[PDB]
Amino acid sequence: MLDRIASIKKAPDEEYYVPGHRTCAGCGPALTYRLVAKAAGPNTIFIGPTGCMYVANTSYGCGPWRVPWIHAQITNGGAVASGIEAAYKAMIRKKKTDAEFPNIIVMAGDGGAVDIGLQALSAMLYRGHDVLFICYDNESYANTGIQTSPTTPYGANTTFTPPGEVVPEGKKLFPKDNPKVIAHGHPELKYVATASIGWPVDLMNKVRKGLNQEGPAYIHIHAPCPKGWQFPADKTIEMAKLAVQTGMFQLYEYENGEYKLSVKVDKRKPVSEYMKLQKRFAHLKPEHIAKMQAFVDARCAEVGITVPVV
(Lines of atoms letter the chains of each structure in order from A and count residues from 1; the text may use other names and numbers.)
(Lines give C-alpha, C1' and ligand atoms only; values in the text may rest on other atoms or scores of the structure.)
Protein backbone atom coordinates (compact mmCIF):
# COMPACT_ATOMS: atom_id res chain seq x y z
CA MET A 1 0.00 0.00 0.00
CA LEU A 2 1.38 3.38 -1.07
CA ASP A 3 1.28 5.91 1.76
CA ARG A 4 -0.03 9.45 1.46
CA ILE A 5 2.55 12.12 0.63
CA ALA A 6 2.42 14.88 3.25
CA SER A 7 4.43 17.53 1.38
CA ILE A 8 7.01 18.36 -1.27
CA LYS A 9 9.83 17.98 1.24
CA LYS A 10 8.35 14.69 2.48
CA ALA A 11 8.10 13.34 -1.06
CA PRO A 12 10.52 10.49 -1.93
CA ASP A 13 13.95 11.31 -3.40
CA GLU A 14 14.08 8.25 -5.66
CA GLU A 15 13.47 9.00 -9.33
CA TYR A 16 12.11 6.36 -11.70
CA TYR A 17 12.00 8.80 -14.59
CA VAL A 18 15.70 9.62 -14.97
CA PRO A 19 17.31 12.63 -16.71
CA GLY A 20 17.85 12.22 -20.44
CA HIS A 21 15.00 12.50 -22.93
CA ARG A 22 14.25 14.42 -26.12
CA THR A 23 11.24 16.27 -24.70
CA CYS A 24 10.67 20.02 -25.09
CA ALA A 25 12.21 22.36 -22.53
CA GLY A 26 9.73 22.66 -19.68
CA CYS A 27 7.58 19.85 -21.03
CA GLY A 28 4.39 19.53 -18.99
CA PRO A 29 3.80 15.85 -19.84
CA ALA A 30 7.46 15.15 -18.99
CA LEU A 31 6.90 16.42 -15.47
CA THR A 32 3.66 14.43 -15.48
CA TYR A 33 5.60 11.26 -16.26
CA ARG A 34 8.22 12.09 -13.64
CA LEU A 35 5.71 12.65 -10.85
CA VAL A 36 3.72 9.53 -11.75
CA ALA A 37 6.84 7.36 -11.80
CA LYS A 38 7.92 8.92 -8.50
CA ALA A 39 4.62 8.02 -6.86
CA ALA A 40 4.44 4.58 -8.47
CA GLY A 41 7.70 3.08 -7.22
CA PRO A 42 9.89 0.23 -8.56
CA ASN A 43 7.07 -2.32 -8.80
CA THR A 44 5.60 -0.65 -11.87
CA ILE A 45 5.07 -1.47 -15.53
CA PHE A 46 4.45 1.37 -17.97
CA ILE A 47 2.43 1.12 -21.16
CA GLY A 48 3.15 3.96 -23.58
CA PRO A 49 0.85 4.37 -26.60
CA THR A 50 2.39 6.27 -29.52
CA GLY A 51 2.75 9.96 -28.68
CA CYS A 52 5.18 12.49 -27.19
CA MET A 53 5.87 10.51 -24.03
CA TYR A 54 6.81 7.55 -26.21
CA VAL A 55 8.73 9.14 -29.09
CA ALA A 56 10.41 12.05 -27.29
CA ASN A 57 11.40 9.90 -24.30
CA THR A 58 12.83 7.05 -26.38
CA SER A 59 14.71 8.96 -29.10
CA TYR A 60 16.73 7.18 -30.03
CA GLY A 61 16.88 3.53 -28.96
CA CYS A 62 16.77 4.45 -25.28
CA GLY A 63 14.41 5.53 -22.52
CA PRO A 64 14.25 7.40 -19.19
CA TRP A 65 12.19 4.80 -17.31
CA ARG A 66 13.95 2.96 -14.49
CA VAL A 67 11.05 0.49 -14.45
CA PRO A 68 9.82 -1.91 -17.21
CA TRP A 69 8.13 -0.31 -20.22
CA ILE A 70 6.57 -1.51 -23.46
CA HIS A 71 5.31 0.37 -26.52
CA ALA A 72 1.65 0.10 -27.44
CA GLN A 73 -0.29 1.36 -30.43
CA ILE A 74 -2.27 4.56 -29.89
CA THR A 75 -5.30 2.35 -30.53
CA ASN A 76 -4.71 -0.26 -27.83
CA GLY A 77 -3.25 1.35 -24.73
CA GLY A 78 -5.74 -0.24 -22.35
CA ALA A 79 -6.08 -3.38 -24.45
CA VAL A 80 -2.38 -4.15 -24.02
CA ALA A 81 -2.62 -3.21 -20.35
CA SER A 82 -5.45 -5.72 -19.96
CA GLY A 83 -3.19 -8.43 -21.36
CA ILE A 84 -0.30 -7.65 -19.02
CA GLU A 85 -2.69 -7.71 -16.07
CA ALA A 86 -4.30 -10.98 -17.15
CA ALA A 87 -0.89 -12.52 -17.79
CA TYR A 88 0.51 -11.72 -14.35
CA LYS A 89 -2.66 -12.86 -12.59
CA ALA A 90 -2.44 -16.10 -14.59
CA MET A 91 1.33 -16.60 -14.35
CA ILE A 92 1.05 -16.10 -10.58
CA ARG A 93 -1.96 -18.38 -10.08
CA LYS A 94 -0.40 -21.20 -12.10
CA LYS A 95 2.84 -20.70 -10.15
CA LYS A 96 4.83 -19.87 -13.27
CA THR A 97 6.35 -16.81 -11.62
CA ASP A 98 7.43 -15.55 -8.20
CA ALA A 99 6.93 -11.96 -9.32
CA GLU A 100 4.62 -9.87 -7.16
CA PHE A 101 1.66 -8.18 -8.84
CA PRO A 102 3.09 -4.96 -10.30
CA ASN A 103 1.59 -1.50 -10.69
CA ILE A 104 0.24 -1.44 -14.23
CA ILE A 105 0.06 2.09 -15.62
CA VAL A 106 -1.00 3.41 -19.01
CA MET A 107 0.42 6.75 -20.06
CA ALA A 108 -1.92 7.63 -22.91
CA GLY A 109 -2.12 10.99 -24.62
CA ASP A 110 -5.45 12.76 -25.00
CA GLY A 111 -5.83 11.34 -28.50
CA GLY A 112 -5.03 7.84 -27.27
CA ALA A 113 -7.41 8.07 -24.33
CA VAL A 114 -10.27 10.27 -25.49
CA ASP A 115 -10.30 9.78 -29.25
CA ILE A 116 -8.76 6.65 -30.77
CA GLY A 117 -8.03 4.70 -27.61
CA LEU A 118 -11.38 5.32 -25.94
CA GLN A 119 -12.79 1.97 -27.08
CA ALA A 120 -9.83 0.06 -25.65
CA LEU A 121 -10.16 2.19 -22.52
CA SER A 122 -13.87 1.67 -21.85
CA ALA A 123 -13.57 -2.10 -22.26
CA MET A 124 -10.73 -2.36 -19.76
CA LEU A 125 -12.89 -0.63 -17.18
CA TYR A 126 -15.68 -3.00 -18.21
CA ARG A 127 -13.56 -6.10 -17.63
CA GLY A 128 -12.42 -4.51 -14.38
CA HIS A 129 -8.69 -5.12 -14.72
CA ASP A 130 -6.48 -3.96 -11.86
CA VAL A 131 -4.84 -1.35 -14.09
CA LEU A 132 -4.26 2.38 -13.63
CA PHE A 133 -5.13 4.25 -16.83
CA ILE A 134 -3.65 7.74 -16.97
CA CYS A 135 -4.28 10.35 -19.63
CA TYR A 136 -1.66 13.06 -19.94
CA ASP A 137 -3.52 15.88 -21.65
CA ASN A 138 -1.77 18.52 -23.73
CA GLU A 139 -5.01 19.10 -25.64
CA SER A 140 -3.64 18.13 -29.06
CA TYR A 141 -1.92 15.52 -31.17
CA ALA A 142 1.44 17.04 -30.25
CA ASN A 143 4.00 14.62 -31.69
CA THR A 144 2.49 14.78 -35.18
CA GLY A 145 2.91 18.56 -35.21
CA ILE A 146 -0.03 19.82 -33.10
CA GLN A 147 -3.31 18.66 -34.68
CA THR A 148 -6.88 19.03 -33.39
CA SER A 149 -8.19 16.58 -30.79
CA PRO A 150 -11.42 16.03 -28.80
CA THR A 151 -9.75 17.70 -25.79
CA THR A 152 -8.54 20.71 -27.77
CA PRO A 153 -10.38 23.82 -26.49
CA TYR A 154 -12.88 25.76 -28.62
CA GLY A 155 -11.40 28.42 -30.89
CA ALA A 156 -7.91 26.96 -30.52
CA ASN A 157 -5.36 27.16 -33.34
CA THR A 158 -3.99 23.88 -34.74
CA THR A 159 -2.60 22.76 -38.10
CA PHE A 160 -5.93 20.97 -38.63
CA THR A 161 -7.89 23.95 -37.33
CA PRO A 162 -6.30 27.09 -38.76
CA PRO A 163 -8.22 30.37 -38.34
CA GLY A 164 -9.55 31.75 -41.61
CA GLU A 165 -12.38 33.83 -43.05
CA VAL A 166 -14.59 30.74 -43.28
CA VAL A 167 -13.65 29.47 -39.82
CA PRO A 168 -12.71 32.54 -37.71
CA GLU A 169 -12.11 30.52 -34.53
CA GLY A 170 -10.24 27.73 -36.30
CA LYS A 171 -11.79 25.06 -34.10
CA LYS A 172 -15.59 25.30 -33.91
CA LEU A 173 -15.99 22.31 -31.60
CA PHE A 174 -16.14 22.42 -27.82
CA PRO A 175 -13.92 19.79 -26.15
CA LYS A 176 -15.00 16.31 -25.05
CA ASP A 177 -15.01 15.71 -21.30
CA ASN A 178 -13.42 12.24 -21.07
CA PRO A 179 -13.42 12.09 -17.24
CA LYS A 180 -17.21 12.37 -17.31
CA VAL A 181 -17.50 9.85 -20.13
CA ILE A 182 -15.99 6.90 -18.29
CA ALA A 183 -17.08 7.91 -14.77
CA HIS A 184 -20.53 6.53 -15.56
CA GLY A 185 -21.53 3.13 -16.94
CA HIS A 186 -18.64 1.05 -15.59
CA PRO A 187 -19.58 -0.89 -12.42
CA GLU A 188 -15.99 -2.06 -11.88
CA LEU A 189 -14.56 1.46 -12.03
CA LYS A 190 -13.64 2.40 -8.47
CA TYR A 191 -11.70 5.65 -8.69
CA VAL A 192 -11.77 8.63 -11.04
CA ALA A 193 -9.71 11.80 -10.65
CA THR A 194 -8.42 14.86 -12.49
CA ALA A 195 -4.98 16.26 -11.67
CA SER A 196 -2.61 19.05 -12.71
CA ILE A 197 1.18 19.44 -12.68
CA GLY A 198 0.62 22.74 -10.90
CA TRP A 199 -0.22 20.56 -7.91
CA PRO A 200 2.49 17.84 -7.83
CA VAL A 201 1.66 16.46 -4.37
CA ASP A 202 -2.07 16.26 -5.11
CA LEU A 203 -1.16 14.58 -8.39
CA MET A 204 1.04 11.91 -6.80
CA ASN A 205 -1.53 11.23 -4.08
CA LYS A 206 -4.26 10.71 -6.68
CA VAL A 207 -1.98 8.30 -8.54
CA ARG A 208 -1.19 6.35 -5.37
CA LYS A 209 -4.88 6.40 -4.49
CA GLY A 210 -5.71 4.86 -7.86
CA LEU A 211 -3.01 2.23 -7.49
CA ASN A 212 -4.30 1.28 -4.03
CA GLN A 213 -7.74 0.44 -5.47
CA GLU A 214 -8.99 -3.12 -6.00
CA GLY A 215 -9.89 -2.32 -9.59
CA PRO A 216 -9.39 -0.08 -12.64
CA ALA A 217 -8.62 3.57 -11.96
CA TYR A 218 -8.58 6.60 -14.25
CA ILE A 219 -6.75 9.89 -13.82
CA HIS A 220 -7.09 12.74 -16.31
CA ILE A 221 -4.00 14.93 -15.92
CA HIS A 222 -3.66 18.45 -17.32
CA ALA A 223 -0.26 18.88 -18.93
CA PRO A 224 0.44 22.27 -20.61
CA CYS A 225 2.33 22.13 -23.90
CA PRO A 226 4.67 25.11 -24.45
CA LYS A 227 5.32 24.11 -28.07
CA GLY A 228 1.68 23.41 -28.89
CA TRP A 229 -0.05 26.13 -26.88
CA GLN A 230 2.71 28.56 -27.89
CA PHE A 231 4.09 30.00 -24.65
CA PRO A 232 7.58 30.41 -23.08
CA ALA A 233 9.28 27.30 -21.69
CA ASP A 234 9.39 28.72 -18.15
CA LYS A 235 5.67 29.47 -17.77
CA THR A 236 4.33 25.92 -17.87
CA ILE A 237 3.51 25.83 -14.14
CA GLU A 238 1.97 29.29 -14.45
CA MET A 239 -0.26 27.88 -17.20
CA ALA A 240 -1.16 24.84 -15.09
CA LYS A 241 -2.12 26.92 -12.06
CA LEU A 242 -3.94 29.49 -14.18
CA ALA A 243 -5.96 26.81 -15.98
CA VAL A 244 -7.46 25.73 -12.67
CA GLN A 245 -7.82 29.27 -11.30
CA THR A 246 -9.76 30.25 -14.42
CA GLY A 247 -11.94 27.14 -14.65
CA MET A 248 -10.45 25.72 -17.85
CA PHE A 249 -9.49 22.59 -15.94
CA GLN A 250 -11.37 21.21 -12.94
CA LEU A 251 -9.62 19.40 -10.10
CA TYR A 252 -11.76 16.80 -8.35
CA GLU A 253 -12.36 13.19 -7.34
CA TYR A 254 -15.61 11.70 -8.58
CA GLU A 255 -16.34 8.84 -6.19
CA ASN A 256 -19.55 7.00 -5.28
CA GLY A 257 -21.60 9.26 -7.54
CA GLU A 258 -20.42 12.44 -5.84
CA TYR A 259 -17.80 15.08 -6.71
CA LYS A 260 -15.10 16.16 -4.27
CA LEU A 261 -13.24 19.32 -5.33
CA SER A 262 -9.48 19.16 -4.75
CA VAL A 263 -8.36 22.80 -4.71
CA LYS A 264 -10.33 25.63 -3.10
CA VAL A 265 -11.02 28.44 -5.56
CA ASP A 266 -12.17 31.46 -3.55
CA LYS A 267 -12.46 33.49 -6.75
CA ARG A 268 -11.93 32.37 -10.35
CA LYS A 269 -10.42 34.65 -13.01
CA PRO A 270 -11.95 35.18 -16.48
CA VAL A 271 -10.67 32.87 -19.22
CA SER A 272 -9.30 35.84 -21.17
CA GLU A 273 -6.55 36.31 -18.59
CA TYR A 274 -5.49 32.74 -19.37
CA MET A 275 -6.03 32.60 -23.13
CA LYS A 276 -4.17 35.85 -23.82
CA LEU A 277 -0.94 34.26 -22.62
CA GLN A 278 -1.24 31.60 -25.32
CA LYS A 279 -0.82 32.38 -29.01
CA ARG A 280 -3.18 29.52 -29.88
CA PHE A 281 -6.06 31.78 -28.86
CA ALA A 282 -4.49 34.94 -30.27
CA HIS A 283 -6.94 35.05 -33.19
CA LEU A 284 -10.16 34.97 -31.17
CA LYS A 285 -12.50 37.97 -30.94
CA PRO A 286 -14.34 39.08 -27.75
CA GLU A 287 -17.41 37.15 -28.95
CA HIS A 288 -15.41 33.92 -28.88
CA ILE A 289 -14.03 34.57 -25.39
CA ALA A 290 -17.59 35.06 -24.16
CA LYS A 291 -18.66 31.74 -25.68
CA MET A 292 -15.67 30.09 -24.02
CA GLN A 293 -16.59 31.66 -20.68
CA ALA A 294 -20.24 30.58 -20.94
CA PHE A 295 -18.99 27.05 -21.65
CA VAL A 296 -16.58 27.17 -18.71
CA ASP A 297 -19.41 28.35 -16.46
CA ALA A 298 -21.52 25.37 -17.53
CA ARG A 299 -18.49 23.10 -17.12
CA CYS A 300 -17.81 24.44 -13.63
CA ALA A 301 -21.44 23.93 -12.66
CA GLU A 302 -21.09 20.21 -13.43
CA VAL A 303 -18.38 19.76 -10.79
CA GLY A 304 -19.83 22.16 -8.21
CA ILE A 305 -18.03 25.47 -8.74
CA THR A 306 -20.80 27.94 -7.94
CA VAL A 307 -18.65 31.01 -7.30
CA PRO A 308 -19.02 33.87 -9.83
CA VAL A 309 -16.28 35.06 -12.18
CA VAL A 310 -14.14 37.94 -10.91
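Numbers for residues come from their place in the sequence shown, where the first is 1.
Higher mean CA B-factor, judged across 96-104 and 120-128 from the recorded values: 96-104.
Averaged over their C-alpha atoms, the temperature factors of 48-56 and 264-272 are higher for 264-272. In this PDB entry, residue 151 carries a Cα temperature factor that places it within the middle third of its chain's modelled residues.
In this PDB entry, residue 61 carries a Cα temperature factor that places it within the middle third of its chain's modelled residues. Among the modelled residues of its chain, residue 259 has a C-alpha B-factor that falls in the highest third according to the deposited record.
Annotation for residue 166: CA B-factor lies in the highest third of the chain's modelled residues. Annotation for residue 227: C-alpha temperature factor in the highest third relative to the rest of the modelled chain, per the entry.
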